[PDB]
Amino acid sequence: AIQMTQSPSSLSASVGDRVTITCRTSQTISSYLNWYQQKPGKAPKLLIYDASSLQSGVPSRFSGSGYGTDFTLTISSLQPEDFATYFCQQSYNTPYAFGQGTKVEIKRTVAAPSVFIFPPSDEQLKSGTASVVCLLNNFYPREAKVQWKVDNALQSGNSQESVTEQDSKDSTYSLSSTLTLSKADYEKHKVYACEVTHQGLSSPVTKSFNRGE
Amino acid sequence: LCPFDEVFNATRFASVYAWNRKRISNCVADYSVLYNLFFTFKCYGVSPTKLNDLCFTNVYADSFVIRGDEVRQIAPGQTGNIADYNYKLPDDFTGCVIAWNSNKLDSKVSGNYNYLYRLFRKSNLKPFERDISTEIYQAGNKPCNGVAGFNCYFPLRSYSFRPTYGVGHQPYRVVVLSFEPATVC
Amino acid sequence: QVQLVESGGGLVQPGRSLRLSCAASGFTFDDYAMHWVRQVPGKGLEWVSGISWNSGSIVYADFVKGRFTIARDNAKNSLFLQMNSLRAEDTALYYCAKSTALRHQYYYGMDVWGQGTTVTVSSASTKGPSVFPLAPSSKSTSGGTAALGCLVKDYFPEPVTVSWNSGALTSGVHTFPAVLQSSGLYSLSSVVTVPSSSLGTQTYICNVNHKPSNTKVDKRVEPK
Numbered sequence: 001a002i003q004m005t006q007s008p009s010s011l012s013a014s015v016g017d018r019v020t021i022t023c024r025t026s027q028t029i030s031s032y033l034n035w036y037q038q039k040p041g042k043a044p045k046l047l048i049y050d051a052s053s054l055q056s057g058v059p060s061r062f063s064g065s066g067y068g069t070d071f072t073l074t075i076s077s078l079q080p081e082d083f084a085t086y087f088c089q090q091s092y093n094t095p096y097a098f099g100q101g102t103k104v105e106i107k108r109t110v111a112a113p114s115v116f117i118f119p120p121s122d123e124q125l126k127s128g129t130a131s132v133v134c135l136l137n138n139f140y141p142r143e144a145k146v147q148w149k150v151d152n153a154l155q156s157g158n159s160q161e162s163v164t165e166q167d168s169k170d171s172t173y174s175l176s177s178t179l180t181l182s183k184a185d186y187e188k189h190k191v192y193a194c195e196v197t198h199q200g201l202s203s204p205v206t207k208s209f210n211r212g213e
Numbered sequence: 335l336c337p338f339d340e341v342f343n344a345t346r347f348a349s350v351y352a353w354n355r356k357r358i359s360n361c362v363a364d365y366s367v368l369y370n371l374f375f376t377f378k379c380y381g382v383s384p385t386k387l388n389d390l391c392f393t394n395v396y397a398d399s400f401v402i403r404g405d406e407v408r409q410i411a412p413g414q415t416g417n418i419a420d421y422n423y424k425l426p427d428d429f430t431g432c433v434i435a436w437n438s439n440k441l442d443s444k445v446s447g448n449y450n451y452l453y454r455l456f457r458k459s460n461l462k463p464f465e466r467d468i469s470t471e472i473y474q475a476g477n478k479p480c481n482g483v484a485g486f487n488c489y490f491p492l493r494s495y496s497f498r499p500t501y502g503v504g505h506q507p508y509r510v511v512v513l514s515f516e521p522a523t524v525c
Numbered sequence: 001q002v003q004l005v006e007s008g009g010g011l012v013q014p015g016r017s018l019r020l021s022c023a024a025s026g027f028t029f030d031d032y033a034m035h036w037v038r039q040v041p042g043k044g045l046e047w048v049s050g051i052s053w054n055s056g057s058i059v060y061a062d063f064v065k066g067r068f069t070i071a072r073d074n075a076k077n078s079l080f081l082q083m084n085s086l087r088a089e090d091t092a093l094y095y096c097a098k099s100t101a102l103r104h105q106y107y108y109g110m111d112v113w114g115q116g117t118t119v120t121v122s123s124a125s126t127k128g129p130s131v132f133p134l135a136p137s138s139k140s141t142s143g144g145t146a147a148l149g150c151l152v153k154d155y156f157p158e159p160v161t162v163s164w165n166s167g168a169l170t171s172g173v174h175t176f177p178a179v180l181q182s183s184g185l186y187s188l189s190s191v192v193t194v195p196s197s198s199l200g201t202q203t204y205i206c207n208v209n210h211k212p213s214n215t216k217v218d219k220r221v222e223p224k
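Chains as they are written, first to last, in PDB author numbering: chain L, 1 to 213; chain E, 335 to 371, 374 to 516, 521 to 525; chain H, 1 to 224.
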């Protein structure tokens, strides 16, 4: 086969840096290596074909090189919209195998999260389950700790977190923390609070609501 | 007088895969077309200011056409699609290489697909080897039997020289002069 | 413009069959080779199959064996992939790709890709998503920016699509990646930050679409 090994598997660089991605082949593929870019939740897009030919519409800051083995993709000036995953794919011999991929991340100035808490809807309560959502919006760095307190009682194990991929426009993250309780347990309490800690925050930020108010 | 005008002032050049060679011997070499040069000039193994004082047995004039990004491969100890699969120079190459931008001659508005170049080949070319074979290249495990399909492609492709392309994709006419009883003085 | 759109994805039990389609427009479909490419959740792209313009050349990756069958209808500008004996490792989003290089040369690249269709192989059941509003409280918005959203809970399989005001509202929207709950279902929240002044005058509706279950739900998000 034609195993395609990319290095690095992940990298972090800032806007304006010069990023170089390496792609190696198990055997000689001449000069028919192709580069692709894929955003989270989007379709891949062709960047370089035939090792060095730039696809129409792709900015000139993208450039490819190499012959035989050890192909390289170079981004001369990294822009905010280049955050994605870059795959190399050999076309010398079937199957047109792809590389493992190189995820490029961008770093930025510290931005504290804006916190929002949402009570469960009356519609959901009618069905036996209560979900309480806490939103950490447009923050950097990614690290944050969410602690649920119900009538001033720290919860444990009854929460799940989900984090967006680093935004392509402002290089920030968003995080959702969902507290799942039974309708019976939810209606036993009045106070539901979401406490958020972040390295950009000097003090923890607590958003709370009173049940039924 | 050695026929140097017929090689440089030629109206039509050959493709790089089928490069033409003019065997020049038993003549007086009026070094003036290469002696002084939008003309690139790379010499290997010999000095041009000493060419008028040297007699050679045979002088070979190789002419073809490539694009700008491929002129760097027409040199000893070079690799690439042109060097490995079209026109290779030996490591001890004794001679000079001449190349100039011919975008006003070999590029049409609708594309000049006349010039061709070899893509696939099972092995690399030996120095001064010309392969004009057009057999369907077998890349996979199944035979081709003259069938153009998956893993069985045409070993030749077109350049499609258009004047609106970048300098790296514009046609460049290359003239490689090899210096081998000594009669070419 | 050039365009490809995949269809036919959905739930299928292990061992059963599913037929995918790819509709092409904006280019001469009959002149180009087409490809099927899939992607495992979290993994990288994986080439599946290709077919020449006149169907004289047809290929499958080894993980396909004799289960899948690629075909095309040049008169209908359509590419097809008949998937049989589907396994759990066939769960992936399937892309349909057009080859750049014209005619019998498939050694360059796929310039045009569809949005893809999701195939999920599981011995489960097609559950629809419940949509609940994420309304802000009366005394809980401390800024000139307010947040609202929609909880899309307990669906199977992936994916779901959430739009705001039928696609008219895109700025500030964050549709979180799904999470697999202990029950076995998926759930995600889609939020949007809007001017707090707009809460009294403007209408915000989230539009949730779950193609495997043909679920379409509109939910107006209003203050409580």
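Beta carbons are placed, not taken as given, at the ideal position from N, Cα and C, and that holds for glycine.
(message) Let me check understanding here. Comparing Cα to Cα, which of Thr28/L, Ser121/L, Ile29/L, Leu125/L lies closest to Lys183/L?
(response) The count along the first sequence starts at 1 and reaches residue 183/L at position 183. Nearest option by C-alpha distance: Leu125/L.
(message) In the DSSP assignment, the alpha helix (DSSP H) including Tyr94/H goes from what residue to what residue?
(response) Looking up residue 94/H in the third sequence gives position 94. First-last for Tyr94/H: 92-99, but that is the beta strand (DSSP E), not the alpha helix (DSSP H).
(request) Would you tell me roughly how many angstroms separate the C-alpha atoms of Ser197/H and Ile205/H, rounded to the nearest one? (result) Locating residue 197/H in the third sequence gives position 197, where the first residue counts as 1. Locating residue 205/H in the third sequence gives position 205, where the first residue counts as 1. For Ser197/H and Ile205/H, the gap between their C-alpha atoms comes out near 17 Å.
(request) Measure the alpha-carbon distance for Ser494/E versus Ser176/L and round it to whole angstroms. (result) Residue 494/E sits at position 158 when you count from the first residue of the second sequence. Residue 176/L sits at position 176 when you count from the first residue of the first sequence. C-alpha separation (whole angstroms): 55 Å.
(message) I need the DSSP call for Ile472/E, collapsed to helix, strand or coil.
(response) Start at 1 with the first residue of the second sequence, and residue 472/E comes out as number 136. Assignment of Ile472/E by DSSP, reduced to helix, strand and coil, places it in the coil class.
(request) My understanding is that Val64/H touches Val40/H, with C-beta atoms under 8 Å, so please give their C-beta distance in whole angstroms. (result) Working through the third sequence from its first residue, we reach residue 64/H at position 64. Working through the third sequence from its first residue, we reach residue 40/H at position 40. Incorrect: roughly 15 Å between the Cβ atoms, too far for contact.
(request) Helix, strand or coil for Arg408/E, going by three-state DSSP, please let me know. (result) Taking the second sequence and counting its residues from 1, one reaches residue 408/E at position 72. Helix at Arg408/E.
(message) Using a 10 Å radius around the Cβ and a threshold of 16 neighbouring Cβ atoms, would you call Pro129/H buried or exposed?
(response) In the third sequence, counting from the first residue as 1, residue 129/H sits at position 129. With at least 16 other beta carbons inside 10 angstroms of its own, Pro129/H counts as buried.
(message) Output needed for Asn152/L: all residues of its chain with C-beta closer than 7 Å, excluding positions within five of it in sequence on either side, in chain order.
(response) In the first sequence, residue 152/L corresponds to position 152, counting from 1. Within the same chain, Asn152/L has close Cβ partners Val191.
(request) List the whole-angstrom C-beta distance separating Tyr86/L from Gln37/L, where the pair is believed to meet the contact cut-off of C-beta under 8 Å. (result) By 1-based counting over the first sequence, the position of residue 86/L is 86. By 1-based counting over the first sequence, the position of residue 37/L is 37. About 6 Å; that satisfies the 8 Å criterion.
(request) Report yes or no: is there a C-beta of chain E within less than 8 Å of the C-beta of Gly66/H? (result) Residue 66/H sits at position 66 when you count from the first residue of the third sequence. Chain E has no Cβ within less than 8 Å of the Cβ of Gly66/H.
(request) Please go through the same chain and pick out, in chain order, the residues whose beta-carbon is closer than 6 Å to the beta-carbon of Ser14/L, but skip the five residues on each side of it. (result) In the first sequence, counting from the first residue as 1, residue 14/L sits at position 14. These residues qualify, in order along the chain: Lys107.
(message) Determine whether the beta carbon atoms of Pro14/H and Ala88/H lie at a separation below 8 Å.
(response) As a working mapping, residue 14/H is identified with position 14 in the third sequence. As a working mapping, residue 88/H is identified with position 88 in the third sequence. Cβ atoms of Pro14/H and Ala88/H: closer than 8 Å.
(request) Return helix, strand or coil for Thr203/H, following the three-state DSSP convention. (result) Here the question's residue 203/H lines up with position 203 in the third sequence. For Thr203/H, the secondary structure class from DSSP, reduced to helix, strand or coil, is coil.
(message) Considering only the alpha carbon of each residue, which of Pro491/E, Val511/E, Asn481/E, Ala475/E lies closest to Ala1/L?
(response) Mapped onto the first sequence, residue 1/L falls at position 1. Each of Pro491/E, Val511/E, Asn481/E, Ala475/E was checked against the Cα of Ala1/L, and the nearest Cα belongs to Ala475/E.
(request) Classify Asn138/L as buried or exposed, calling it buried when 16 or more other Cβ atoms lie within 10 Å of its own Cβ. (result) As a first step, residue 138/L must be located in the first sequence, where it is residue number 138. It counts as buried.
(request) Please name the residue in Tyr173/L, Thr5/L, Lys188/L whose C-alpha comes closest to that of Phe83/L. (result) Mapped onto the first sequence, residue 83/L falls at position 83. Out of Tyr173/L, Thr5/L, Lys188/L, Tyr173/L has the C-alpha closest to the C-alpha of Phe83/L.
(request) For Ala344/E, return the contacting residues in chain H, with the cut-off set at a CB-CB distance below 8 Å. (result) Position 10 of the second sequence, counted from the start, is the residue given in the question as residue 344/E. Correct list: empty, because the minimum Cβ distance to chain H is about 31 Å.
(message) Using a Cβ-Cβ distance cut-off of 8 Å, determine whether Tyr489/E contacts chain H.
(response) The residue labelled residue 489/E in the question sits at position 153 within the second sequence. With 8 Å as the cut-off, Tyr489/E counts as an interface residue toward chain H.
(request) Please determine if the stretch 16-30 of chain H and the stretch 66-81 of chain H are in contact, where contact requires at least 3 C-beta pairs separated by less than 8 Å. (result) Verdict: yes, contact present.
(request) Have a look at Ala135/H and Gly114/H and give me their C-alpha separation to the nearest angstrom. (result) Taking the first residue of the third sequence as position 1, residue 135/H is located at position 135. Taking the first residue of the third sequence as position 1, residue 114/H is located at position 114. Here the alpha carbons of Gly114/H and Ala135/H stand approximately 35 Å from one another.
(message) Taking CB distances under 8 Å as the criterion, tell me whether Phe497/E reaches chain H.
(response) The residue labelled residue 497/E in the question sits at position 161 within the second sequence. Put simply, the CB of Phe497/E is far from chain H, with every gap to its CB atoms at 8 Å or more.
(message) Measuring only from the beta carbon, is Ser383/E closer than 7 Å to any heavy atom that is part of the ligand ZN?
(response) As far as ligands go, the structure on display features none, and thus does not contain the ligand ZN.
(message) Out of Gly26/H, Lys43/H, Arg103/H, which one is the CA nearest neighbour of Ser9/L?
(response) Within the first sequence, residue 9/L is the residue found at index 9, counting from 1. Checking every option, the nearest Cα to that of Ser9/L belongs to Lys43/H.
(message) With three or more C-beta pairs closer than 8 Å as the rule, is the stretch 1-11 of chain H touching the stretch 54-74 of chain L?
(response) Counting Cβ pairs under 8 Å, fewer than three are found: no touch.
(message) Cβ closer than 7 Å: which chain E residues qualify as neighbours of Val59/H?
(response) For the purposes of this step, residue 59/H is taken as the residue at position 59 of the third sequence. Within 7 Å Cβ-Cβ: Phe486.
(message) Going residue by residue through the stretch 433-470 of chain E, where are the continuous beta strand (DSSP E) segments of at least 3 residues, counting only ones entirely within it?
(response) DSSP runs (the beta strand (DSSP E)) wholly in the stretch 433-470 of chain E: 452-454.
(request) Just the chain E side, please: which residues come within less than 8 Å of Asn34/L by C-beta, in chain order? (result) Walking along the first sequence from the start, residue 34/L turns up at place 34. Within chain E, no residue comes near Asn34/L; the closest Cβ sits about 15 Å away, beyond 8 Å.
(request) Buried or exposed for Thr170/H, please, with buried defined as at least 16 other CB atoms from any protein chain shown within 10 angstroms of its CB. (result) By 1-based counting over the third sequence, the position of residue 170/H is 170. When all chains shown are included, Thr170/H counts as exposed.
(message) Could you check whether the Cβ of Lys207/L sits closer than 8 Å to any Cβ belonging to chain H?
(response) Sequence index remark: in the first sequence, residue 207/L carries index 207 (1-based). Under the 8 Å criterion on CB atoms, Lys207/L is classed as interfacial with respect to chain H.
(request) Could you name each continuous alpha helix (DSSP H) segment of 4 residues or more that falls completely within the stretch 117-191 of chain L, going from the start of the chain to the end? (result) If one requires a minimum length of 4 residues, the alpha helix (DSSP H) runs lying completely within the stretch 117-191 of chain L are 122-125, 183-186, in chain order.
(message) Between the alpha carbons of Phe515/E and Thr393/E, how many angstroms are there, rounded?
(response) Taking the first residue of the second sequence as 1, we reach residue 515/E at position 179. Taking the first residue of the second sequence as 1, we reach residue 393/E at position 57. One C-alpha to the other measures close to 8 Å.
(message) I'd like to know whether the C-beta of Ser30/L is nearer than 8 Å to at least one C-beta of chain E.
(response) Mapped onto the first sequence, residue 30/L falls at position 30. Closer than 8 Å to some Cβ of chain E, the Cβ of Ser30/L qualifies, so yes.
(request) Could you round the C-beta distance between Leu151/H and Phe132/H to whole angstroms and report it? I think they count as a contact, below 8 Å. (result) The residue you call residue 151/H lines up with position 151 of the third sequence. The residue you call residue 132/H lines up with position 132 of the third sequence. Sure, about 4 Å apart at Cβ, within 8 Å.
(request) Note down, in chain order, every chain E residue with its Cβ under 7 Å from the Cβ of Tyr107/H. (result) Locating residue 107/H in the third sequence gives position 107, where the first residue counts as 1. For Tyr107/H, the residues of chain E that pass the 7 Å Cβ criterion are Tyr489, in the order they occur in the chain.
(message) Does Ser125/H come out as helix, strand or coil in the three-state DSSP assignment?
(response) What you label residue 125/H is simply residue 125 of the third sequence in a count that begins at 1. Coil at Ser125/H, not helix or strand.
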